[PDB]
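Visitor:
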Amino acid sequence: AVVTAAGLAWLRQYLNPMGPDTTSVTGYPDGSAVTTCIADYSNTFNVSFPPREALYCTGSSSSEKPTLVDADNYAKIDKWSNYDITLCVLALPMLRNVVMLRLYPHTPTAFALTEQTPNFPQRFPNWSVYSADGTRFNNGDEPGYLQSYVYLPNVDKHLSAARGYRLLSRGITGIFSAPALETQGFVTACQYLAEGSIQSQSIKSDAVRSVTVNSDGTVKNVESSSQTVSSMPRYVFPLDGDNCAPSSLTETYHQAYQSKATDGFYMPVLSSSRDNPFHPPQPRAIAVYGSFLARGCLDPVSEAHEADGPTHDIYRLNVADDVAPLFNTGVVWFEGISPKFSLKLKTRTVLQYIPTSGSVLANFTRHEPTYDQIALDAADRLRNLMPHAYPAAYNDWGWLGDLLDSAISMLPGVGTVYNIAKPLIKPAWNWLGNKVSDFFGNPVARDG
Amino acid sequence: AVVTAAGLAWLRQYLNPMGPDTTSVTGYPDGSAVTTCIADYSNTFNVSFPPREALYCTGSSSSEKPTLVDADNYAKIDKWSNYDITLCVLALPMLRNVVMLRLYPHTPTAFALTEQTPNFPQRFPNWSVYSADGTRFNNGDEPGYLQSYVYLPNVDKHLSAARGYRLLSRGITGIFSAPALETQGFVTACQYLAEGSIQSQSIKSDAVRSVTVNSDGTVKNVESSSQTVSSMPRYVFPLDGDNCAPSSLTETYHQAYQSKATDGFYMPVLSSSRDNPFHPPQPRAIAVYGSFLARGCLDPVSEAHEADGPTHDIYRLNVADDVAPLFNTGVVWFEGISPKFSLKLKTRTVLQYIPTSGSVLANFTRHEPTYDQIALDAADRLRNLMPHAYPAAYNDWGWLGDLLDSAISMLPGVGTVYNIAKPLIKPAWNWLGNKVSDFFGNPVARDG
Amino acid sequence: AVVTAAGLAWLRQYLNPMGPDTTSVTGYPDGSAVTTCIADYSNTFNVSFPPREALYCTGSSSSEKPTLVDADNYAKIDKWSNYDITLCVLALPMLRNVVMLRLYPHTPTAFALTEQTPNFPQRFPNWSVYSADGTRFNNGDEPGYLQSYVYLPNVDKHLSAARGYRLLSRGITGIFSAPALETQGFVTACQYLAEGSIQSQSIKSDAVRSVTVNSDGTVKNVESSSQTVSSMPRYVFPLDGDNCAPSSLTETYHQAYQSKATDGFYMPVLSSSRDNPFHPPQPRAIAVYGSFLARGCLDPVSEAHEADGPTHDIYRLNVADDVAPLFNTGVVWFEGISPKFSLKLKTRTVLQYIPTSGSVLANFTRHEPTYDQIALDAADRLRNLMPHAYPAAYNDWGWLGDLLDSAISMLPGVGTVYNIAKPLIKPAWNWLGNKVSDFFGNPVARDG
Amino acid sequence: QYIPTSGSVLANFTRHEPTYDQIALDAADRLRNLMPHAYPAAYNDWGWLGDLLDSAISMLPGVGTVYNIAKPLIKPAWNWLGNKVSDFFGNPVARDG
Amino acid sequence: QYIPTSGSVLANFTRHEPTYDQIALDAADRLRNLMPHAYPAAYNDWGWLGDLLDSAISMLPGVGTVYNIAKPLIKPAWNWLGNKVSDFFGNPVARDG
């Protein structure tokens, strides 16, 4: 009838993963009655304009031979560094490979993805180049953008030795800095559910064509093996790359966060469901849904045109991982950024494990099978009205917890004891104009 | 603690889509906090016995060459027109192709479906013929039935330009008319959940057989490529065609609607779940599950008989669409209908969109992120006790809303303020015998 | 506002399927408003050490020729019978093939499964031998263990003639007996959700290699058909075979049951969800997920190494069935058992059907569309705190129903009438030490 | 606003709200001659608008007035160059950007 | 206890509980000289420990005491060979194994 302490702690760490008060770590309040070990991974990365030494090509040049550095095509990327640039970060719900960084000479119209599988995608300190025409880059082409994955190795090590897992919370902080008189730029951030699933794309086989012209050998096996079959199963994400441009995200989602570049960002990615069950680690190749070209059976056609129906393009990422289901995909854009910028990415990922017998995690187990329906219902309440992101320095929200959680905890059903906690009003998160008001109307003076 | 106005409006439009009072259009009460545009499609079609000009063949005759009219096999269909006929309408949850019309010389024992993919399925004004032996029809065969799809083009246009969608409500009205002294016939209607999913059927490849008899060429590649693989993924519906006969539906479902033909029908198709999340438009080829023939591994067998296990037949519809998940499939039968009938089909489909930037829908957005748990719980309450259909003229139900919704709104939990609203009794929808009583025992005198 | 009688009856039969008081049979309290027929299957089997006549080989020896008895390799199994043995029972949610029995010379480190598909898996009275090296057994090998499936034929007959089905409850009782002075041994039991799904493994095709050396025939079709495709779809269970050892299960799950062998076991398998919808009978080949070997795209690799990514091994069971989704998988181990033991397996499976018109089930229908939200919420409450198993003789629990169900029925929301029913404390199910206390602290003196 | 043509796209987004309000139109005619032609780009969500400015101006039109007095109205001074901005009721406007 | 090194495995299992308790440390220093060096293998879950022994010893340290008297403490006799074992408060210890 009242929210417990463990439920409140879980709610605070779920909504504010990188808050200063979040020191203790608590599990999901479902009373699973299983031996669990909760792991907290805090990582920091300093991303700036990469040098030539950490830049590789994804084209067919690096097909069999391993990663190849740029053959001093770095002059074009220096030309990029002449003017302002754009920096996209894309946080898919993958456990390792927490975010994908991408660098553009200028803001693109869409989050494009190469149709051919890239060769040797690079972890964060190294980058991989992609051409301007939306294809993989070989030496001598025109570079279009740079891409890298921010990888957590300890997550991989611990996921190997676990019966099951579930993501408890994840937050990404974007401390931005630039030289004086070069602080111009804008930051946008948005979360939305891209519910991926295990799917296989439709591919075609090859028909054999043998013409035996021998006097006794005249088989002439002209059989048509060119039928339509299913490819290897992959975990495909329905992220709308064509609608991932910053302006579309701002005008589509009301909780999207916009501010000046110097404010940075702080995205506490949120789950889209109220139940968070354990899952066995099942890494798979990740892919992203594209769009279809041939209408196929979308119009009255014949049998032969059934096969080439609305088959959506699947973009292989050449990255294997197991994803946290029902968790939002985040995307932030830094537009018009000075090329000599500096972004301190600080990611906190807290997730629960069921240890395997004889594994390392078995030495850190913790028996807290606490249960709290009120906390879960409050999270389901709050999911639809929290902002998608906050300024990087906006931690330790006063309204959270003793007011916001308390105010939202008595709507669920009528399971309420205290008559009235506090009236709740619609906040206005206008960081660009310095007219920010919280959920209770109290103003937010700038703390940074 | 009390149902809001928006929740009541959504509930009324969800349960009575074609009610006269449903003028305003309201979104799903979940407080999605997204920019949405709600589109209402009202369409009217006059279906009667088709002439020869609008009748095409689905057989291999129209394989490469486009649709072929009947080569004056129309005499047999005129012979159909000599006696009474049967008219089935099947409303699958497909967004476009709202219903499938089918014309039979007499009531079939099951809703059969051709094993081979039909050639050029026809939109409503045109029809396609299928043979009497459950196969596709070429000229010179014996026609078994006629089939057509009722297509909504504006739905396709708007679905192209949308990040996401969800079906809000759908209703189908069946105004029936016939010449005087030819009003005999019966109408049956039933809704049931056919939860489709993306599945691929099991097919076989072709083994190459090359016999090189040359003096130096004696390779003899006899390799067996004839293995079992997966076909193209399709959205498959588990509709029980073998159990779709009118009598079985009447004796299986208590809420099934039965009446005289002149009463018509009015089916407000209902969702089977309480959550209606947005989904990205992902059109796919539609198919229907059949039944298996070879038991396979249902009995102790060897390895070689693993492949030919219980593989269910999949009937390709040669139609591509994206379906509304968790929505009931409706089916109505008009049995013993005079051949010179006239059915006015009136379909109302209201569904929500997330507009894409720069699209047409962006000019009609409407920001109403209202939330109402009571309305959703009331819908979950009511799903299991509303009739599957009503007579075509039975709109503007008095019991709905201020009594039925109010009576059902205080069961959910104990979140109740008003002590007692109105006692609820079991209705008796006996339209055949004119002994209809509503949910509160009040009689229903015939209004048409 | 109060739990009905039908809801209480369903809850009692769901939590205590084999209780003495469970005489009447009641359906799921969801008010489906469908014609249903509830079938109760009670079966008894006497499993002991099999004789040579009922022992077959799974290897390639019995590939085309049917099941082959052991060519008097039974001396090694007699050597097994010299010392103590181990007996595992694995209750997957398959409707028929209720349990899988397995006999080991000594406790294994994991629940291994053969990589090659076994030939002719045997129903319970017969067994099939598997080698000690985790491979199928031919005559002359080293036997590793024996395996059999306990099959219910009436379930198959009734599932054939049904539109839909759902499992209502399932319980397995393990009455254990042994000769005097040979009662040593231990019993362990554990339930956990292994949420299976329809998946297809990644396989490879065969590239054709034709070398035409004729003077005019010089085609040289060297085309590479060796691409990666999807195999036949199968229902795959993510049961952790590597973590199914008894000790790991005991140390992982708090509700796992441990006792002496003579106590037997009684596992009332429980659902993992609160909704139990009807499903059409769709038998499929069953398989079990293994583990992957090649990391593949888990590390930065090229395009050619995308295919051999983290592809998990899929172990075909060569058994076709339709499973009850969202139901727990049970596993019990009898360790250190005297070889001349005797286990009376008593399985009770109660499940609901929607009869097909003209079928046998249509003669036993029963119209009880009762609805009870409180009972379902109470089941969701209780799922996480009931023991996974009880001693075989521990039926008719006093605490159940008028106390435990009543005590748990007033937590859900605040939909509560009676002020306080009874305080609930944490039970201690220490059957090994005879210090068992129930949910209310009352001791449990040994009744057997 | 549009009047949709039959069979056009707009016909799928119609909305029947034939509401009438003479007071609002008269208030707009009142206010046209005293609102500033422009504001700083960040000066949205004016506090004085609506519950004060519209209310203050809504009782001048004719004598169709119910509430005796809403709020006195004074002449604002929109001096953005010198940071001496005062709204229609004399309250100062501190710089929000 | 460990202080994890950055990037090590232990860093994934840290736990922030900087609790401080002088009374517990003083009680341990109190108790070190009067606990038996060993017990029978089956003699776990001592009844006297904690709510009596720790409580009885927790009010000797200094005079930082709130509760007037917890329980008198007497000299135990751990004679396991002769089955005449008495705990710190004189209660006998019947053989549990």
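Protein chains in written order, with PDB author numbering: chain A, 66 to 513; chain B, 66 to 513; chain C, 66 to 513; chain A', 417 to 513; chain B', 417 to 513. A prime marks a further copy of an entry chain.
Positions of the beta carbon are idealized from the N, C-alpha and C atoms, including for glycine.
#1: Quick one: list the residues of chain A' neighbouring residue 49 of chain A, beta-carbon separation under 7 Å, in chain order.
#2: Just confirm the distance between the C-beta atoms of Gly361 of chain C and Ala177 of chain A, as a whole number of angstroms; I'd bet it's less than 8 Å.
#3: Distance, Cα to Cα, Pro85 of chain A vs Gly355 of chain A?
#4: Can you round the beta-carbon distance between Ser193 of chain A and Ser225 of chain A to whole angstroms, since I take them to be within the 8 Å contact cut?
#5: My assumption, with CB atoms under 8 Å, is that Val301 of chain A sits in contact with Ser262 of chain A. Please give the rounded CB distance.
#6: Going by DSSP in three states, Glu180 of chain C sits in which element: helix, strand or coil?
#7: Could you tell me if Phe202 of chain A is buried or exposed, where buried requires 16 or more neighbouring beta carbons within 10 angstroms of its beta carbon?
#8: Once DSSP output is grouped into helix, strand and coil, what is the label at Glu400 of chain A?
#9: Can you give me the start and stop residues for the alpha helix (DSSP H) that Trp75 of chain C sits inside?
#10: Which runs of the alpha helix (DSSP H) fall wholly inside the stretch 306-377 of chain B and span at least 4 residues, in chain order?
#11: Which residue from B:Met83, B:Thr100 and B:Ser107 puts its Cα closest to that of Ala427 of chain A'?
#12: So, with DSSP's three-state summary, where would you put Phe110 of chain A?
#13: Secondary structure at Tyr169 of chain C, three-state DSSP: helix, strand or coil?
#14: Note down, in chain order, each residue of its chain lying with its Cβ closer than 7 Å to the Cβ of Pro190 of chain C, except the 5 sequence neighbours on either side.
#15: In chain order, what residues of the same chain have a beta carbon less than 6 Å from the beta carbon of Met159 of chain A, not counting five sequence neighbours either side?
#16: Name the residue from A:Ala74, A:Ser313, A:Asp105 and A:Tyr121 whose alpha carbon lies nearest to the alpha carbon of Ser424 of chain B.
#17: How many angstroms separate the CA atom of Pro375 of chain A from the CA atom of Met297 of chain B?
#18: What are the partner residues of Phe251 of chain A, as DSSP defines its beta bridges?
#19: Taking DSSP as the reference, what is the three-state secondary structure of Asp95 of chain B?
#20: Using beta carbons (cut-off 7 Å, strictly below), is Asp206 of chain B in contact with chain D?
#21: I'd like the span of the beta strand (DSSP E) that includes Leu120 of chain C, first residue to last.
#22: Sort B:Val397, B:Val278, B:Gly478 and B:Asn279 by Cα distance to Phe330 of chain B and report the nearest one.
#23: Determine whether the Cβ of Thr293 of chain B lies closer than 7 Å to any Cβ atom of chain C.
#24: Please identify, using Cβ separations under 9 Å, the residues of the stretch 420-451 of chain B' that lie next to chain A, in order along the chain.
#25: For a test of the three-state rule: what should DSSP assign to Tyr139 of chain B, helix, strand or coil?
#26: Just mark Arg228 of chain C as buried or exposed, buried being the case when its beta carbon has 16 or more other beta carbons within 10 Å.
#27: In chain order, what residues of the same chain lie with their CB nearer than 8 Å to the CB of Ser295 of chain C, ignoring the 5 residues before and after it?
#28: Just reading off the alpha helix (DSSP H) that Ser225 of chain C is part of, what are its end residues?
#29: Determine whether the beta carbon atoms of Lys409 of chain B and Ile240 of chain B lie at a separation below 7 Å.
#30: According to DSSP, simplified to helix, strand and coil, what is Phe392 of chain A?
#31: Looking at the unbroken alpha helix (DSSP H) that takes in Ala472 of chain B, where does it start and where does it end?
#32: By the criterion of Cβ-Cβ separation under 7 Å, what are the contact partners of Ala66 of chain B in chain A?
#33: For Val194 of chain B, list the residues DSSP reports as bridge partners.
#34: Look up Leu157 of chain A in the DSSP assignment and give the residues it is bridged to.
#35: For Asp305 of chain C, return the contacting residues in chain A, with the cut-off set at a CB-CB distance below 9 Å.
#36: Once you ignore the five residues that flank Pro348 of chain B on each side, which residues in its own chain have a CB closer than 7 Å to its CB?
Guide: Judging by the given coordinates:
#1: Outside the shown range of chain A, which is 66 to 513, sits residue 49 of chain A, and nothing can be said about it.
#2: Within the third sequence, the letter at position 296 stands for residue 361 of chain C. Within the first sequence, the letter at position 112 stands for residue 177 of chain A. Rounded, the Cβ-Cβ distance is 25 Å, inconsistent with contact.
#3: As a first step, residue 85 of chain A is located in the first sequence; it is residue number 20 there, counting from the start. As a first step, residue 355 of chain A is located in the first sequence; it is residue number 290 there, counting from the start. About 40 Å.
#4: Residue mapping note: residue 193 of chain A aligns to position 128 of the first sequence, counting from 1. Residue mapping note: residue 225 of chain A aligns to position 160 of the first sequence, counting from 1. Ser193 of chain A to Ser225 of chain A, Cβ: 26 Å. No contact.
#5: The residue given as residue 301 of chain A occupies position 236 in the first sequence. The residue given as residue 262 of chain A occupies position 197 in the first sequence. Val301 of chain A to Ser262 of chain A, Cβ: 6 Å. Contact.
#6: Within the third sequence, residue 180 of chain C is the residue found at index 115, counting from 1. Looking at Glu180 of chain C - three-state DSSP - the assignment turns out to be coil, as it is neither helix nor strand.
#7: Your numbering for residue 202 of chain A matches position 137 in the first sequence. Under this definition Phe202 of chain A is a buried residue.
#8: Counted from its first residue, the first sequence places residue 400 of chain A at position 335. Here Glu400 of chain A sits in strand by DSSP.
#9: Against the third sequence, residue 75 of chain C aligns to sequence position 10. Its alpha helix (DSSP H) spans residues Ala70 to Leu80.
#10: Within the stretch 306-377 of chain B, the complete alpha helix (DSSP H) runs of at least 4 residues fall at 311-317.
#11: The sequence position of residue 427 of chain A' within the fourth sequence is 11, counting from 1. The option with the nearest alpha carbon to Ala427 of chain A' is B:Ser107.
#12: Looking up residue 110 of chain A in the first sequence gives position 45. The answer is strand: DSSP assigns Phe110 of chain A an E or B state.
#13: Walking along the third sequence from the start, residue 169 of chain C turns up at place 104. Three-state result, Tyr169 of chain C: strand.
#14: Taking the third sequence and counting its residues from 1, the one referred to as residue 190 of chain C is at position 125. The answer, listed in chain order, is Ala119.
#15: Residue 159 of chain A sits at position 94 when you count from the first residue of the first sequence. Closer than 6 Å at Cβ, skipping near neighbours: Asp386 and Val388.
#16: Indexing the second sequence from 1 puts residue 424 of chain B at position 359. The residue with the shortest Cα to Cα distance from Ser424 of chain B is A:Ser313.
#17: Translated into the one-based positions of the first sequence, residue 375 of chain A becomes position 310. Translated into the one-based positions of the second sequence, residue 297 of chain B becomes position 232. Rounded to the nearest angstrom, the two C-alpha atoms are 11 Å apart.
#18: For this step, residue 251 of chain A is matched to residue 186 along the first sequence. Its beta-bridge partners are A:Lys325 and A:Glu400.
#19: On the second sequence, position 30 is the one that residue 95 of chain B refers to. Three-state DSSP puts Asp95 of chain B in a strand.
#20: In the structure shown, chain D does not exist; the protein chains are A, B, C, A' and B'.
#21: Here the question's residue 120 of chain C lines up with position 55 in the third sequence. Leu120 of chain C -> beta strand (DSSP E) spans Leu120 to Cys122.
#22: Against the second sequence, residue 330 of chain B aligns to sequence position 265. Here the closest residue by C-alpha is B:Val397.
#23: Here residue 293 of chain B is taken as the residue at index 228 of the second sequence, counted from 1. Closer than 7 Å to some Cβ of chain C, the Cβ of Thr293 of chain B qualifies, so yes.
#24: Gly423, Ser424, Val425, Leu426, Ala427, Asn428, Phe429, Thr430, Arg431, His432, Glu433 and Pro434
#25: Against the second sequence, residue 139 of chain B aligns to sequence position 74. Residue state, collapsed to three classes: helix.
#26: Working through the third sequence from its first residue, we reach residue 228 of chain C at position 163. Result: buried.
#27: As a working note, residue 295 of chain C is residue 230 in the third sequence. The residues are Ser265, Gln266, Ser267 and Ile268.
#28: As a first step, residue 225 of chain C is located in the third sequence; it is residue number 160 there, counting from the start. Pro218 to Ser225 is the span of the alpha helix (DSSP H), which, as asked, contains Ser225 of chain C.
#29: Taking the first residue of the second sequence as 1, we reach residue 409 of chain B at position 344. Taking the first residue of the second sequence as 1, we reach residue 240 of chain B at position 175. With respect to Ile240 of chain B, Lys409 of chain B sits close: the two C-beta atoms are nearer than 7 Å.
#30: Stepping through the first sequence from its first residue, residue 392 of chain A is reached at position 327. Reduced to three states, the DSSP call for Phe392 of chain A is strand.
#31: Here residue 472 of chain B refers to the residue found at position 407 when the second sequence is read from its first residue. Element bounds for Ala472 of chain B: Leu469 to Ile473.
#32: As a first step, residue 66 of chain B is located in the second sequence; it is residue number 1 there, counting from the start. Residues of chain A passing the Cβ test: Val479.
#33: Within the second sequence, residue 194 of chain B is the residue found at index 129, counting from 1. Answer is B:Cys122 and B:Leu211.
#34: As a first step, residue 157 of chain A must be located in the first sequence, where it is residue number 92. In the DSSP output, where bridge partners are listed per residue, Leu157 of chain A has none listed.
#35: Counting from one through the third sequence, the residue named residue 305 of chain C turns up at place 240. Ordered by position in chain A, the residues that pass the 9 Å Cβ test against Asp305 of chain C are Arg228, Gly229, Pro345 and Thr421.
#36: Position 283 of the second sequence, counting from 1, holds the residue named residue 348 of chain B. Result list for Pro348 of chain B: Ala385, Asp386 and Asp387, in chain order.
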